[PDB]
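Okay, structure first, notes after.
Naming convention: chains lettered A, B, ... in sequence-line order (proteins, then strands); numbering from 1 in each chain.
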Amino acid sequence: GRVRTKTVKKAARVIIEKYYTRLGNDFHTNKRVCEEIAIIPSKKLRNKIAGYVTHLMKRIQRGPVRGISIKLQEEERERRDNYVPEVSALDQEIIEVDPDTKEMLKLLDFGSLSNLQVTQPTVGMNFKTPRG
Amino acid sequence: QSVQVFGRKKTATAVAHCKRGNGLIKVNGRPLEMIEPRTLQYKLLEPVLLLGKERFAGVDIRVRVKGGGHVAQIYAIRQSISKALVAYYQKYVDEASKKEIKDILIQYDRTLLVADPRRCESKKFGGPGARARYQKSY
Amino acid sequence: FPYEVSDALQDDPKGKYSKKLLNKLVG
Amino acid sequence: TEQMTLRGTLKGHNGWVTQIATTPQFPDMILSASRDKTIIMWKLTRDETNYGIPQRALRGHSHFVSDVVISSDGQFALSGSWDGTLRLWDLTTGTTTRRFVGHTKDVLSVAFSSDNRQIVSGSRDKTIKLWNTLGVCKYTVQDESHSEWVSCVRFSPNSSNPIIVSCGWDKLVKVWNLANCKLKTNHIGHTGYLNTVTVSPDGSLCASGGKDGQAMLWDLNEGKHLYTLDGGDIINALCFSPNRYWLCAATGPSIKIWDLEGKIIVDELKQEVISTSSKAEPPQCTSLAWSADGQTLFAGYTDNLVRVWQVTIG
Amino acid sequence: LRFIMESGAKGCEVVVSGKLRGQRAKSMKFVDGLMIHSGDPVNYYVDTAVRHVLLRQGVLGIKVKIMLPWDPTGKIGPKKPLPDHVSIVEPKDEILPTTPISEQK
Amino acid sequence: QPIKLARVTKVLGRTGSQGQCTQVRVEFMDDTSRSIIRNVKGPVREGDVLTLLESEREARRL
Amino acid sequence: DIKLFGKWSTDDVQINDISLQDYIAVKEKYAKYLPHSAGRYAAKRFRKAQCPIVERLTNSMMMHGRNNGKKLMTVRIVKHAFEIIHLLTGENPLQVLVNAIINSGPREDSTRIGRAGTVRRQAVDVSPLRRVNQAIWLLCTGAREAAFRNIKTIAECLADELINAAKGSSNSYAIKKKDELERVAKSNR
RNA sequence: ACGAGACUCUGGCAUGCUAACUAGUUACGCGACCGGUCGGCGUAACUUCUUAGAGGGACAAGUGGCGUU
């Protein structure tokens, strides 16, 4: 019987997502940031919010939490998004192409390309899961 | 001489007045050795005298705990003994002696010094007692 | 909007006077 | 540069380096605070049996202490608490002696100047009042010195006329003289707010920042901006050392130090084993203490272990 | 109810109970805004009044319950700290200058 | 009725309409061949080394 | 060191089963000079499951609720069990208590069948912690069955309680109920 | 949005009450006896019990296991 009520969860997530720089692994920091901006008027509530921010910090070192968004994690993810590989994946020297798509390319006036490699197709013609 | 450690078990009214002399505990006029219950004597006399009799000659303590009930002043006397010894050796010997005497008094008692707020509980209307009602419904 | 007949109807939507109140409310 | 090795393991403490204003002191007896509702001490034995033995427990306090300082003489001291009690502790017997209220609001530390005659601590309660060891308020210091929440005011052991400065959590820093009594300039315009910073004891280069770990150095000579340099992570310790031009920031797993040669990371000189207290988020730093001889360094952590740089070459 | 809403209260409910139409008695209530029914913050955050009105048919009971705003004397504005309920006071964020060079006097 | 230091690596939990019966899967220390599942009353924690007294007549069902 | 006078020692207990290290707590710091020092195990998050044998003897004897009123009586009967078993056996009372309860008691005690059972029982491999604790429970309830409501002179009733609990005389009623339980246990076999 | 929770009162927890003639008490003036009848003027420091009388914090600066972690 220790399920954190939505009051605690919302307050803790808002506090963490907003002023994570001031928030480490403690309680008085949370009570201070409360009494500064969004003051909470009780004591057991402040203890439970400190406990939930502690738990969320324990779960946030291993990875980004679903309900929170720091500038740090968003920054890391946008740097990963902006990643430009040195060599393109589509820049292959040789591309394997089946005879049917080869004929299709020939019909598109693209049969004179030299970067293709006609690959022998499947010997058999079975591709379905046995019914049952 | 002020050590400010006391000894308090349950709600017994106690006094720990410190001034140099032998360590003696007076209970209903009966000192530490000859005790009022007359049946829990070894459990209180074992820790101190087996190590030395002059051991308590450091600072005399007026311990006049007007305790009623045997579980009240019994183990309150040992609470007082341990607390007075630990505080005297804390403030007035040195830190290393603090560490060793705290180690021996903690192997004496791991963690049972201080309790939670609880006592005999209140009574509710509709029944004779705290958790009980009138005639039964089978 | 007339509220007297509305309250009289809302007190009992299927009473003795329900038909007259509903008819008066229509128009 | 320098070659350093770590000798002796820490096994008998739970405290930190929380806030010790730089003050000359003997290399044997050191003082500090903690978050264990107690005041801790530092006795040097240079032995593996105990890396540090507290001297005496200055008991009588019911709260944590956010600021404790002993002066050159053991009979002059200052302290503060979360509620703000200013208690006078003697080191001879480890007992309190006198009681006042020092911190109107829990502040990082008390202010210091080259005169050491003004006792004013930061307050968020908007009820600034003068403190005096005598107990008499000669004049109320109310305006032109602390416009907003002031973070810390550093010592000024300089060879010139006294200039002191007040740093705060509101993107501000104020100059202050006892021969001026006026506000010359006031700076503003940081990207993020402040946690704790240092300043020049001679009022030449003011270090600000901490929302990202950068030390922005203002010039107080004309009140303009000098430059901004990069330091460590988000911490309340961006310490431009007065003894060393070196920049020290305990970030990630290392005390990254930048030298005057290239202002980059050159030496780690770490000989410390791992611990379970570091398996969580990497250790940060809160404050640093430097010896008056420019030889010894004491750095804290959130790792519960206190790191020391000592020049012994054992 | 419209008066109370225009008065500044963030909730009111009024109940008129008894005979309004017919021989039998109806309990008719209107509630708007918010209204706490439980806990301690119903004494210092809710005002309740019970009154009786006579009629040729009988007596009608009037129960009026009103919510109060946060700060005393009807939400004058924030004052010395006496917190009593949850609130998210969001101040204006810091703004940086767009121009590459700083202020010149 | 074999006697051995049974290395328990499988304790599933309690089941029964009186709720004191835990199902322990007694596994032998260095056998890795046979295991027995038993309904027994009392706290038999995960990882403990049981005293082997009987290796048949498993927890009965139905 | 700490001992019992200049004539008795308390460091003569070594079983070496390597199985009493998960529930019987002797590992790190659970040692006491005190047989019982006002435990607050109720307020703890079920931190009462590493309880030793002497406290089981302390807390598992009283019939109904007709002893409570002063834990003075609990600690006094702990002390007098100490001394009386010492007088009976001439050595460490706890050591011979363990010796005379292990050699008997629950080999496969009362435990139900499947999801619900009251017709018969199951011959259950009794865990060492619960076997030892329930054997001490057997001795305690046999002590309050024989020493209490006895038709003879009560200063040897602990000797005859030991006889009933280990040797197996047809005197104690609890031992014949346990005999029926053992008959069920053999019905399993 | 109401209810639940939070909230309020209440319970074997405090070495600050610049705190008390009802409760003992550092240095006075009582005092056989191996610094006390200064609680028998009244200690201006008190405080430990009492005042549950007023201001406080400490389930996560925790560990192991189960659980979609």
Side-chain angles (χ1 to χ4, degrees), chain A residues 1-8 11 24-28 40-48 50-55 57-59 62-63, chain B residues 1-22 24 60 62-67 71-72 76 80 83 87 113-122, chain D residues 14 16 34-37 59-64 81-83 85 87 96 98-101 276-277 280-281 301-304, chain E residues 11 13 31-45 84-86, chain F residues 11-13 45-47, chain G residues 38 40 43 45:
Chain A
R2 209 161 135 230
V3 177
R4 273 89 141 190
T5 278
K6 192 70 148 276
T7 306
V8 165
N25 267 194
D26 211 84
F27 31 89
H28 265 100
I40 73 192
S42 100
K43 163 127 180 223
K44 162 71 169 276
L45 186 46
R46 83 150 63 103
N47 262 256
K48 263 289 165 260
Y52 196 49
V53 292
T54 282
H55 188 39
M57 254 78 96
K58 288 319 113 173
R59 308 171 27 202
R62 320 241 305 239
Chain B
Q1 176 143 25
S2 300
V3 289
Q4 294 146 235
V5 275
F6 201 45
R8 177 197 199 290
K9 211 162 57 86
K10 296 198 180 199
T11 166
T13 58
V15 172
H17 214 247
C18 295
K19 184 51 184 322
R20 169 157 272 275
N22 73 335
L24 189 50
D60 182 15
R62 288 166 201 82
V63 200
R64 35 200 209 95
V65 189
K66 323 71 200 173
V71 200
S80 287
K83 279 188 192 165
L113 277 302
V114 203
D116 267 301
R118 265 170 318 204
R119 277 305 226 151
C120 170
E121 90 170 43
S122 32
Chain D
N14 218 328
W16 282 355
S34 89
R35 200 164 241 172
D36 209 359
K37 221 99 61 189
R59 270 289 334 159
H61 211 246
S62 325
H63 338 77
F64 315 136
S81 179
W82 285 90
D83 50 346
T85 43
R87 235 176 183 98
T96 195
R98 235 80 63 82
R99 185 171 56 254
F100 305 87
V101 37
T276 35
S277 151
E281 280 143 305
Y301 283 127
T302 169
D303 221 302
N304 98 86
Chain E
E13 145 200 46
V31 43
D32 50 351
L34 305 97
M35 161 105 71
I36 185 162
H37 290 115
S38 275
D40 193 31
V42 83
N43 311 138
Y44 67 93
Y45 252 119
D84 51 40
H85 229 180
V86 180
Chain F
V11 167
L12 320 180
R45 200 53 130 166
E46 194 67 71
Chain G
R40 323 162 39 237
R45 223 190 203 110

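- Ion pair B:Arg20/B:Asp60 not flagged as a salt bridge, since none of the NZ, NE, NH1 or NH2 atoms sits closer than 4.0 Å to an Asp/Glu carboxylate oxygen.
- Salt-bridge formation is detected for the pair A:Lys58/D:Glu281: a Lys NZ or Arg NE/NH1/NH2 atom is positioned less than 4.0 Å from an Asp or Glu carboxylate oxygen.
- The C1'-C2'-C3'-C4' torsion of H:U25 is negative, which assigns its sugar to the south, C2'-endo side.
- E:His37 places a side-chain heavy atom less than 4.5 Å from the side chain of E:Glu13.
- The residue A:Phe27 sits close only to the backbone: its heavy atoms come under 4.0 Å of sugar-phosphate atoms, none of a base.
- Remark on RNA chain H: of its neighbouring residues B:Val3 and B:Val15, the 5'-side contact belongs to B:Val3, judged by nearest-heavy-atom nucleotide.
- A negative value of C1'-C2'-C3'-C4' puts the sugar of H:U22 in the south, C2'-endo-like family.
- Using a 4.0 Å heavy-atom distance criterion, A:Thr7 is classed as a base contact.
- Within the nucleic acid shown, B:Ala12 comes within 4.0 Å of sugar-phosphate atoms alone, with no base atom in reach, counting heavy atoms only.
- Base engagement by A:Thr54 is indicated by at least one non-hydrogen atom pair under 4.0 Å involving a base atom.
- Of all nucleotides in RNA chain H having an atom under 4.0 Å from a heavy atom of chain E, the first and last in 5' to 3' order are H:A1 to H:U8.
- Separating the P atom of H:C49 from that of H:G53 is a span of 15 Å, rounded to the nearest Å.
- South is the pucker class for the sugar of H:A58, given a negative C1'-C2'-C3'-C4' value.
- Among the atoms of the strands shown, none is found under 4.0 Å from any heavy atom of B:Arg20.
- Judged by the sign of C1'-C2'-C3'-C4', the sugar at H:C9 is north, the angle being positive.
- For the consecutive pair H:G55/H:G56, the pyrimidine-type rings do not sit with centres less than 5.5 Å apart and planes less than 30° apart, so they do not qualify as a stack.
- Distance noted for atom P between H:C33 and H:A54: 50 Å (whole Å).
- Neighbouring bases H:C9 and H:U10 form a stack, their six-membered ring centres lying under 5.5 angstrom apart with planes under 30 degrees.
- Glycosidic conformation of H:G40: syn, with the torsion inside 90° of 0.
- Closest non-hydrogen pair, E:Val42 versus E:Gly39, comes out as CG1-O, 3.5 Å.
- Residues E:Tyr44 and E:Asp84 bring no donor and acceptor atom of their side chains to less than 3.5 Å of each other.
- Regarding the sugar-base torsion, H:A6 falls in the anti class, its angle being beyond 90° of 0.
- Residue contacts for B:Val5: at a heavy-atom cut-off of 4.0 Å it reaches a base atom on one of the strands shown.
- D:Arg98 CZ: 12 or fewer foreign heavy atoms inside a 6.0 Å radius.
- When the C1' atom is compared between H:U10 and H:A52, the two are found 10 Å apart, to the nearest whole Å.
- B:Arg8 places a side-chain N or O within 3.5 Å of a backbone atom of B:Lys10 that can act as its donor or acceptor partner.
- For the pair B:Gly7 and B:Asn22, both in contact range of RNA chain H, the more 5′-proximal nearest nucleotide belongs to B:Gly7.
- Using a 4.5 Å cut-off on side-chain heavy atoms (C-beta onward), B:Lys9 and B:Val65 make no contact.
- B:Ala14 and B:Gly7 make their closest contact through CB-O, 3.1 Å (heavy atoms, listed as atom of the first residue, atom of the second, distance).
- Between the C1' atoms of H:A58 and H:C66, the separation comes to 28 Å (whole Å).
- Within 4.0 Å (heavy atoms only), E:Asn43 reaches no atom of the nucleic acid at all.
- A donor-acceptor pair is defined here as one N or O able to donate and one able to accept, closer than 3.5 Å; such a pair exists between the side chain of F:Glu46 and the backbone of F:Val11.
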Practice problem: With pairs defined as Watson-Crick or G-U wobble and both distances under 3.5 angstrom, please note down RNA chain H as a dot-bracket string, | for pairing with another strand. | Solution: ............(...(.((...(...(((..(..)...)))...)...)).)..).............
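- Nucleic acid contact for G:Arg40: none, since no nucleic acid atom lies under 4.0 Å from a heavy atom of the residue.
- For the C1' atoms, the distance linking H:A23 with H:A27 amounts to 22 Å, nearest Å.
- Looking at heavy-atom distances under 4.0 Å, A:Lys6 makes no contact with the nucleic acid at all.
- As judged by a 4.0 angstrom heavy-atom cut-off over every strand, A:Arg2 is placed among residues touching the sugar-phosphate backbone only.
- Of all heavy-atom pairs spanning A:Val53 and A:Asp26, the tightest one is CG2-O, 4.4 Å.
- The residue F:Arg45 sits apart from the nucleic acid: no heavy atom pair falls under 4.0 Å.
- Comparing the same atom, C1', in H:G35 and in H:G16 gives a spacing of 29 Å after rounding to whole Å.
- For the strand neighbours H:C30 and H:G31, base stacking is absent under the 5.5 Å centre-distance and 30-degree plane-angle rule.
- Using a 4.0 Å heavy-atom distance criterion, A:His55 is classed as a base contact.
- The gap from the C1' atom of H:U22 to that of H:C59 amounts to 43 Å, rounded to the nearest Å.
- Neighbouring bases H:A61 and H:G62 form no stack, their six-membered rings failing the under 5.5 angstrom centre or under 30 degree plane limit.
- Of the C1' atoms belonging to H:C9 and H:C28, the separation is 48 Å, rounded to the nearest Å.
- When the rule of centres under 5.5 Å and planes under 30° is applied to the neighbouring bases of H:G24 and H:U25, their six-membered rings qualify as stacked.
- Side chains of D:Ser81 and D:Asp83: a donor on one and an acceptor on the other come within 3.5 Å.
- Distance alone, capped at 3.5 Å, places no donor-acceptor pair between the D:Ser34 side chain and the D:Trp16 backbone.
- Note on B:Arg64: only backbone sugar-phosphate atoms sit closer than 4.0 angstrom, heavy atoms only; bases stay farther off.
- Residue-level contact check: B:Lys9 touches neither bases nor backbone, having no heavy atom under 4.0 Å from any strand.
- In terms of the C1'-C2'-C3'-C4' torsion, H:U37 has a north-puckered sugar. The angle is above zero.
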